[PDB]
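Single-structure report; data block below.
We name chains A, B, ... by the order of the sequence lines, and we start the count at 1 in each one. Quick note: numbers below take in every heavy atom, side chains included, and nothing from hydrogens, waters or symmetry partners.
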Amino acid sequence: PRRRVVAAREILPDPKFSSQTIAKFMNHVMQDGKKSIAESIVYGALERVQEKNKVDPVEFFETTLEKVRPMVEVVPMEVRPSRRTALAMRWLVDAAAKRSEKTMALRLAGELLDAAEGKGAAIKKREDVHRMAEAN
Amino acid sequence: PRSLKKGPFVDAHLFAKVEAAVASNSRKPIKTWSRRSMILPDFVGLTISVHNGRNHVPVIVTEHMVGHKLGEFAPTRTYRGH
Amino acid sequence: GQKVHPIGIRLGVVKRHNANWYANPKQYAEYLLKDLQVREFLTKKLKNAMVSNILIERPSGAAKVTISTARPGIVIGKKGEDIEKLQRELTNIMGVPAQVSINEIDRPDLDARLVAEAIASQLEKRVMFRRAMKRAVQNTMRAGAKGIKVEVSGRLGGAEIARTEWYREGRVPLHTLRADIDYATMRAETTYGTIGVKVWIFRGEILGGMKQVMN
Amino acid sequence: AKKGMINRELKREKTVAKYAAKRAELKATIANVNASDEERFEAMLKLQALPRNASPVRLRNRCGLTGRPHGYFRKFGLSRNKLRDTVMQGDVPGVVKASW
Amino acid sequence: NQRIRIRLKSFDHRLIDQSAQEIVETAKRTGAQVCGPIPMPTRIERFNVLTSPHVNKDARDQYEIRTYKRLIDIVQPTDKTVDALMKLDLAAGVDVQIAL
Amino acid sequence: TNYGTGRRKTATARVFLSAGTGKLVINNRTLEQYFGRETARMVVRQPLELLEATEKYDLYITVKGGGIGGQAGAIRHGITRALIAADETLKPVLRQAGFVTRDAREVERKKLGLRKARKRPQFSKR
RNA sequence: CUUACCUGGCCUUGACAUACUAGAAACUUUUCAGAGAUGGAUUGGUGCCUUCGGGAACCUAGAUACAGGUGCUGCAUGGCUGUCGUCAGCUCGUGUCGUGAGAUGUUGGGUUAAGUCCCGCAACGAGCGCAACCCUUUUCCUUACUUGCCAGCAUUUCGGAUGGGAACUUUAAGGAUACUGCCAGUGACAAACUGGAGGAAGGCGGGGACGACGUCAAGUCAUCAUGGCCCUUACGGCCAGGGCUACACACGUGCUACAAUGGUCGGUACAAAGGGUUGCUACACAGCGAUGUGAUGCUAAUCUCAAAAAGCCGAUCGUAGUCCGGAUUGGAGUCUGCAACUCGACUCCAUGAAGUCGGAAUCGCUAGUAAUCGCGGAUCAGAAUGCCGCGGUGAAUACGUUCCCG
C-alpha cells in the first residue's frame, strides 16, 4: 500500500473436508472462475491417493506440502509462513501440469504420490532454491 | 445475389435499346450508365459502352458472360503498382 | 475546467422543468419541436417586454403558455388586443387552442435573465464593461440576493485580444445541490463581434427538497 | 447543414408522401398469390419505373433545428448538440441527468 | 358488473401520486369501493450525448427519462361516480385513460 | 410453521420450516435433483448440520433469481432466519458461524470510458 | 441517399427570404424523348371569404436591392469541450512591520482521504474549494393487491388451470436505522487511534453524479451563432455514374486461436436488464438451413423478442497441425432494398491457411475486482469483433517505500 496495512482476506473452508489448505489448493488450481472443474480435479486426486495407498486424505496432503515447503527467500531472507505454502502450491501445480496422463486430476495425484517419496520437479526446484541460498 | 423469385434486374431504358437493336440488326454500340443491369441471353452479340465513372468502355457480349452484371467488365479504379 | 449547467444539475432536485406535458414516443418529437418553435417566436416577439421565463403545458388536447414578465402592460396591450393576437399566433403554430397567462415579476433584479439582458444592452450601447458589471452586481445585492457573480467574455472594449472578466459579491455555493441558483447567458452583438454575458444569482438554500417544492 | 441540403431533404419527403399510396398498392399486387404471374410482373415493372425519390430508403434523418445528419436520437428529433443544450436548459420534459 | 379501470401515465412520480390520490379520494367520497392505486413497473430510457462539439468520445452526458404508471380499480360504481370523475380536472403532465 | 426469507445476488428464497423427519424439497424437486455440484448441496445443509438437527425438521423451499451459487446462499440465509424465528436462543451460534449476515456484495456497473467496472483500455505512451 | 470529392450533362434573382409589378385556384390524368436533371404534347378541376368593384393562400411571368457559399481566418470571437486533476489548494477586509516591491495572517506541533479537525502565535475577521445535501445498492416498517404472488382450504385435464386467499416473493411511493451510540486500552491530561459486544450493516458500508483560482494563442468558423476577407452564368444550385472500400508498406486499438481445466455428440438446470403497432410474433405446414406461407395475442407486470451460456450427467477423441484452429477460395441460395459489379448481411456443400503460447520493451487490475460466459439497446430499410448497459461463475497477492515515475 503505502500507509495502510491491508487485512488478509480470509477464505472459507471447503464444504467437504472443512480444510482451508484444500480450499487454497483449489483456488490455486482454478482458472477463470471455473470452481467446479477445479473441485473435480482436486477431489479426484484426493480420492485416488486414498485407493492407491491408505492414509487420511488431509493428512497425506499436509505431509507432502510440508515436505515441499521451502524456508529461504532469494541478500538472504527467510520466507514468512504464508509464502511457504503459497510457493509450495504454485510449484506443485506447475510441475504436475507437465506430467502426461488422461486427466489433470490423475496427474496431480501422481505427482502428490511422487513428491511424498522425494521425486518430483517440485522438490528439484526446492533444492535449486536451496543451492542458490548456499551460493550467498 | 438477387432472389430468384424476383427474376433478373435490367433497367427499362437499356432493355428497350437492346430489344430495338435485336428486332433490327444495328451494330453501333449502345451507350449506357447502367452498370447494375444483368446481362441477358438477348445481349449476346452486341456492343455495350458501359460507363466506368469517367469513360465509356466497350464490351462485346459473348455467351460466357450471361449472368454477370455489366459493371464487372468496366473496372472503376486505376492501379499499376507502387 | 468546465462547469455543469447550474439548472440542469438541479432539474430534479430543487428546480422544476420549463415544460410540463406527457406524450407517447410517437408524438414526443413533434410536441418538442413545436414547443421549441413557440419559445423562439416568443423570444423574438417580446424582446422589449422584459420576459425571462416561458412555461409550456399541454393539459388536454390544448396548450397553456405562462409568460413571466416585468412589463405586464406592454405584454398585455392597450385593451388586451395583444394577448388575443398572441393566442391566435400560438394556436396557429401549435395546431391546438392555446391560452396565454401572465406572471408579473415584482423583483426584476433577482432574476438572472433580466440582469444579463440589461448588461448586454449596456454593452451594445457602449457603456464601459467594468462599470456595467459593478452597477449590476450592486443593484442585485441591494435588491436582496445573498450572492451574485457576473462574467463577460470577448473583445472587451474593442481590444484585438479577447479576455474574460468576472466580479462576484456575496455567496455563490455552486457545489451545493440544494442551493437556489438562478443562471442565465446572453449575447451582446457589437461592431467587433460577440461578447458573452453570464449571470449567477444565489437566493438561499431550499429545505425539504422536491417534496417541499411540490413537483 | 446547407440550405440546399435541407431543401433536398424536404423535396424527398414531399415525393415520398405523394407516391406513398401507389407504391403500397403495387407492393400488395406483387405479394398477391391469386394474381396472375403477368400481373405481378407488370406490378414489379411499374414499381421499378417509379421515381427514385419515392423510395423511403433515400430519406435521412436530420436535426429539426440545424439539419445535422449525425447523432439523431429519433425520440427527440434533435441532434446531440441541440439536445444537450435544450436538456440542460430544462425545456425537455422528464429528462434529467442519469446516475445509478 | 360494471368496473372502471383508470390508468395513469406520467414523467413525474409526485404528480402521478397526487393525481391518483385525488381520484381515490373522489371515488371514496362518492360512496364507491376502490382497489389501488397499484404501482406498475417503471420504464427507464437512457441516452449518451457527446458534450464536446468535435472530438472527445469519453466526454458525454448520460440522461434518463422515466415513465411511471398507476392503476386504479373502481367496483360497485354509484351513479354520481362517473359524473364526479368526468368533472375532475385534468392536470398537465399526467395522462389518464378510463375503460369501462 | 416458521418462515424465513434469504437473499444473495438477486436470488430470493422462501423457506418454510416445520417439525418432521428430514424431508427437503426445493421447487418441487429433491436437493440432488436441483443442485448438480456437491458444494451447493453442502452449503444448503450447513445450518442444520451445525445445529445437529438434520433429522428434526422438514423444509419446503422455493427460490427465484440469480445463479446456482446465489440460490444456494439465499437458501442457507432463509434457513438460518427460519431457525431464528423458531428459537431465538440459536442466534448466537448461527451468528458465530456467520449465517446471519446478509452478503451485500453485488455486481458493479460498467462505467463510461472503461471496458468494465474497473478494467481500462490499453494505453500507449510511445 | 448521406456526400461535403471526381467525370460528364444542365440552371442563372436562382432549391430558400423580404420589398415591387401582372396573370392564373391550387391542383390532376394520359403519355413521348432523355441516364436523369429536364423538355413537349394531353385530361379533368378551377376552388374560400366577401362592405361583395376585390381580396386569403398557392402557382407562373418580369425587374433589383439581393439570396447562396461544409469558401479562408479557432492567431479576431460567443458557446461548448479536453488536460494537469477529484490534485488541496486559491483568495479578501481592518490592524501591525518595511522608504519600497512586499510580509503577517495562510506559518509552528499532532491528526486526517482533504487548508479535515484540535493545540500555539501581531494578528483579528470572511469567501470559493473539502465534506454533506441529490441518485442507486444492503436490513426493516406502513400504504397499495393487478396484468404480479400462492402459505392454508377446495376442485382439478396436475397446467395458479379453476373457486378462492392478502400470507410470502415482487412491484413502488413514503418512512425507520449508524450517531464512536455502549465497553476496554491509548493519545496529551485535546484532536484523534486500536480492539470487543449487539446489529443486515461500525468508524468513509459499496458505486454514481458533482471538477476551486488557473495553465496549454489546447480543440472546434464542418452542429450552431458571429467581426473581418473572398466567389457571384460560379468557390452558388440540379442530375447520372464513380470515389470515400485503392495497396510494395509502417503504426495504434481490438476480435479469434494455437487445444484435454479441451473439441464433438446425447440428456438435463439456474438470470438480470432492455426492446416491440410502418412493430414483436404463439401455433401449424414446407425447406438440411437462412427463410416462406397461413394464422394467433399484444399499444404490453397481460402477448412477444427468448434459446441464457458457461454448469451437471453419459459417451467418444488420446497429444496428432489432430475430431485443435477457421483464414482463403470454388459452387449453390435467402432477405432488405428502385438497385447488393465496384461494395451488404446471413444459410448450405466443398476447401481447410498462418498458428506449437509469441525478443527488446510495455499495458490493466486491490473484491463480487481481475479472469471467463452469455443477454439487451442507441444509430438503423439492410449493415458491429466498436460504443453504452445487464446479469452468471468467481480468484491470487500486498513484507514494505531502498530505488522507476508523477
Side-chain angles (χ1 to χ4, degrees), chain C residues 2-43 52-59 63-66 68 112-113 116 177 181-187 198 210 213 215, chain D residues 1-21 23-24 53 55-100:
Chain C
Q2 279 66 62
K3 276 133 206 91
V4 68
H5 201 291
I7 294 169
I9 199 54
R10 308 168 160 85
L11 265 174
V13 187
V14 287
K15 247 80 172 63
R16 282 262 272 176
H17 279 89
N18 297 316
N20 207 23
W21 40 266
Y22 177 78
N24 66 343
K26 316 326 181 83
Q27 45 225 10
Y28 198 100
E30 332 161 336
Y31 283 10
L32 182 68
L33 283 162
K34 282 188 259 214
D35 274 33
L36 297 176
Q37 294 186 6
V38 159
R39 298 181 175 280
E40 184 221 23
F41 167 78
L42 286 190
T43 319
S52 40
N53 194 65
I54 295 151
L55 167 76
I56 303 167
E57 319 209 287
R58 294 167 178 269
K64 168 152 143 144
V65 180
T66 306
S68 307
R113 162 138 276 106
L177 293 170
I181 306 272
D182 206 28
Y183 172 73
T185 311
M186 174 96 228
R187 305 164 56 100
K198 286 172 179 183
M210 259 290 144
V213 201
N215 216 329
Chain D
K2 298 189 313 191
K3 297 259 207 96
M5 315 288 320
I6 293 162
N7 283 358
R8 249 189 265 187
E9 199 59 52
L10 265 165
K11 150 185 98 178
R12 282 184 185 122
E13 328 209 59
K14 197 166 323 321
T15 317
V16 167
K18 177 206 209 223
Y19 282 95
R23 186 180 171 272
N53 278 330
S55 180
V57 302
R58 302 163 57 83
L59 302 181
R60 178 85 173 201
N61 289 329
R62 292 181 175 268
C63 171
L65 281 185
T66 70
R68 197 182 203 263
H70 277 288
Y72 176 62
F73 292 101
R74 281 155 180 230
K75 188 212 189 33
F76 308 104
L78 302 173
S79 277
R80 55 161 175 100
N81 319 70
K82 290 300 153 128
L83 176 69
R84 197 297 186 76
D85 282 335
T86 317
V87 167
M88 285 321 243
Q89 273 168 42
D91 316 329
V92 193
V95 187
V96 295
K97 285 270 265 176
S99 46
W100 72 95

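Residue C:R16 does not touch chain D at all, counting heavy-atom pairs closer than 4.5 Å. With a threshold of 4.5 angstrom between heavy atoms, D:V87 approaches chain C through N, CA, C or O but not through any side-chain atom. C:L36 touches chain D through its side chain: at least one heavy atom from C-beta onward sits under 4.5 Å away, while N, CA, C and O do not.
Between atom NZ of residue D:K82 and atom CG of residue C:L32 there is a gap of 12.5 Å, rounded to the nearest 0.5 Å. To the nearest 0.5 angstrom, D:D91 atom CG is 9.5 Å from C:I7 atom CD1. The NZ atom of D:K97 sits 11.0 Å away from the CG atom of C:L11 when rounded to the nearest 0.5 Å. Between the NE2 atom in C:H17 and the CD atom in D:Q89 there is a gap of 12.0 Å [rounded to 0.5 Å].
Enclosure of atom NZ in D:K75 by more than 12 non-hydrogen atoms of other residues, nucleotides or ligands within 6.0 angstrom is indicated.
Side-chain contact between C:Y28 and D:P93 is present, with at least one heavy-atom pair separated by less than 4.5 Å.
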task = Could you please spell out the steps behind the side-chain contact (heavy atoms from CB on, under 4.5 Å) verdict for C:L33 and D:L78?
result = CA-CA 8 Å; C:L33 283 162; D:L78 302 173; 3.9 Å; yes

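Among C:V4, C:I54, C:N18, the residue with the largest count of heavy-atom pairs under 4.5 Å with chain D is C:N18.
Listed here is the closest heavy atom pair of C:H5 and D:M88: ND1-O, 3.4 Å.
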